[PDB]
Amino acid sequence: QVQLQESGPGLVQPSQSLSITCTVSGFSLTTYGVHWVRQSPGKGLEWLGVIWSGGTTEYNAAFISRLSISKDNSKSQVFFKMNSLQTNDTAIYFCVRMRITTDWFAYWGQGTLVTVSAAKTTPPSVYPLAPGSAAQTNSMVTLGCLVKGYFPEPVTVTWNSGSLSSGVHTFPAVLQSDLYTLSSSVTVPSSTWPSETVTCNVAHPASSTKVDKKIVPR
Amino acid sequence: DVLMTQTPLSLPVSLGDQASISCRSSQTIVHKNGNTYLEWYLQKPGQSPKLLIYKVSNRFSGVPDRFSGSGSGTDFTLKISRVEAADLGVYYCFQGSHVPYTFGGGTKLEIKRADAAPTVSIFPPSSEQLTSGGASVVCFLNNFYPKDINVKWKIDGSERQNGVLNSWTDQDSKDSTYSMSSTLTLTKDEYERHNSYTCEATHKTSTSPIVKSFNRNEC
Ligand SMILES: N[C@H]1[C@@H](OP(=O)(O)O)O[C@H](CO[C@@H]2O[C@H](CO[C@]3(C(=O)O)C[C@@H](O[C@]4(C(=O)O)C[C@@H](O)[C@@H](O)[C@@H]([C@H](O)CO[C@]5(C(=O)O)C[C@@H](O)[C@@H](O)[C@@H]([C@H](O)CO)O5)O4)[C@@H](O)[C@@H]([C@H](O)CO)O3)[C@@H](OP(=O)(O)O)[C@H](O)[C@H]2N)[C@@H](O)[C@@H]1O
Ligand SMILES: *[C@@H]1O[C@H](CO[C@@H]2O[C@@H](C)[C@@H](O)[C@@H](O)[C@@H]2O)[C@@H](O[C@@H]2O[C@H](CO)[C@@H](O)[C@H](O)[C@H]2NC(C)=O)[C@H](O)[C@H]1NC(C)=O
């Protein structure tokens, strides 16, 4: 299967540039085009440009003054660079094979969330949420993890190193005092916890942090 | 530029019924090579868009028979037969015939289901947070339907509006429900001035609000 793996910085200072490398596996860059697309809540999906198999590039005229796409066929890499980023360039940027005629290589990468800000990288504080010491007991118990005061997005929240995946709600982050906060709940049988350990795992790639917080009865 | 206009913006559908989604282009979209590069994408919650239909009416390899594309000129349609819970998300059309390539605004497919009351849980500040000088009180309102809901905080019986942050999930692909978090943030000092903390949910499934509460002195 196709993979379009992206690397590049999440956080870009205003007026500076965004560079993303897309590493292609599963098809030859000498034969197929690769497109770049971004997604924001305000403007939806915007096609930015394409690099065709022979190297010809086409760009969206709205961005052409500050956008560059290039590639290295032998390394199977496609390079995106955009200059002079402002706050309205905040978006998830994707390397994509789309607009297909006959091939089976359509694929959309996981994307790179790009935040355009002069605000500083800050790791999260992670707090376990156990029910109150006088809280009543039910057949299913809800536990949680409060992830507070981080920047920029994203964080990844898992439970029991990703083995506890069902019954989880990880809420969208909200931005307050220039920092993000989110919470995650998990619901498990009362005959399981606390006899069986439940731990939330929080990764914040931008600060290289990985924290585990065991949920302990109060 | 070719403007792609989708309708409707939002589409509720029962399980097993058919959904129909429209995309109109502001001009014709025949590429010079003769192909009409009209594509339909589905973006499920938490995921990247995935190709369903290419060149107007061709199902991409692996896409279920329930998805069908049609149309010509400036009028295109996606039909989803026998809708399943896993079909929820945002559907987008795309034209790749005339540069710059453009997307429609999206149509959110919502699954109808039977009403379900929220499961409400309240959490006092953690001992760890209190040690750092903060005090967040968290309330989860989980797995409810329909999506419309209201949450009220009371501190020692008085409604508190300031310092509440709310967040909502997308519709759940397993059970077609919605969830919400509500977090009341105070300083440790404000928190320790009061005793009773209450999260109250109002939802059409109950006549009375659903109340979860704790007393700081009973902790
Ligand atoms: N009748 C066609 C025939 O005429 P000639 O053989 O007499 O020239 O071929 C013409 C194209 O000539 C070849 O051009 C390539 C270089 O092509 C590109 C480049 O790759 O850099 C791209 C060109 O752009 C077009 C085009 O004008 O043909 C239009 C684009 O919208 C797009 O549609 C591309 C490609 O066909 C896209 O290819 C894919 C894809 O990425 O999706 C992948 C393919 O594998 C295949 O699946 C096709 C589909 O069949 C859809 O077509 O999709 O084409 C254009 O920008 C030229 C530019 O003008 C500079 O040439 O660059 C040459 O390759 P290189 O040797 O590597 O340089 C090749 O030598 C030429 N023969 C075509 O235009 C005529 O219609
Ligand atoms: C996206 O934003 C740019 C930048 O706008 C400026 O910087 C922003 C951070 C904000 O502070 C704005 O108030 C500023 O105007 C827009 O480009 C500017 O557009 C105006 C004309 O509308 C022009 O006077 C400025 O010189 C432009 N600056 C630059 C660097 O180009 C741009 O138009 C916005 N794009 C869209 C699609 O709305």
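Reading the values: rules and limits
Residues numbered from 1 in each chain as written, not as in the entry; some residues may be left out. Chains lettered and ligands numbered in written order. Heavy atoms only, no water. Residues with missing side-chain atoms left out of burial classes, pairs and counts. Near = heavy atom within 4 Å. Polar contact = N/O pair within 3.5 Å; in protein donor to acceptor, adjacent residues only side chain to side chain. Areas by Shrake-Rupley, 256 points an atom, 1.4 Å probe, with all protein chains shown as cover. Disulfide = S-S within 2.5 Å. Helix = DSSP H or I, 4+ residues; strand = E, 2+ residues; numbered from the N terminus. Buried < 20%, exposed > 50% of the residue type's maximum accessible area, 1.4 Å probe, protein only. Pairing = 2+ DSSP bridges. Contact = heavy atoms within 4.5 Å.

**Focus: the site of ligand 1**
Around ligand 1, a shell composed of 16 residues is seen, among which A:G33, A:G54, A:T56, A:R99 and B:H31 lie nearest. Contacts to ligand 1 include B:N33, whose side-chain N or O atom sits 3.5 Å from an oxygen atom. In isolation ligand 1 has 1200 Å² of accessible area, and contact with the protein removes 42% of it.

**Things to note about the state of the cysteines**
Residues and elements named next belong to chain A. Tallied over the full model, the rule gives four disulfides over all chains. Paired through a disulfide, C145 and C200 show a sulfur-sulfur distance of 2.1 Å. Across the S-S bond linking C145 and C200, the dihedral sits near 55°, which makes this disulfide right-handed. Pair noted here: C145 is in strand 13 (residues 140–150) and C200 is in strand 18 (residues 199–204), with a separation of 55 residues, a long-range link. Since its relative accessible area comes to 0%, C145 is described here as buried.

**Section: the pairing of strand 3 (residues 19–25) of chain B**
Residues and elements named next belong to chain B. In strand 3, alternate side chains face the same way, and those of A19, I21, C23 and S25 are buried while those of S20, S22 and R24 on the opposite face are not. Of the strand pairs in this sheet, strand 1 (residues 4–7) and strand 3 are connected by four bridges, and their pairing is antiparallel. Counted as the bridge partner of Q6 is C23 from strand 3. Bridging between strand 3 and strand 8 (residues 75–80) involves six bridges; their strand directions are antiparallel. Looking at the pairing, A19 lines up with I80 of strand 8.

**Concerning the side chain of B:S181**
Here B:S181 shows up in strand 17 (residues 178–187). Classification of B:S181 as buried rests on a relative accessible area of 3%. Beyond its immediate sequence surroundings of up to four residues, B:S181 is in contact with A:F171, A:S183, B:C139, B:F140, B:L165, B:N166 and B:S167.

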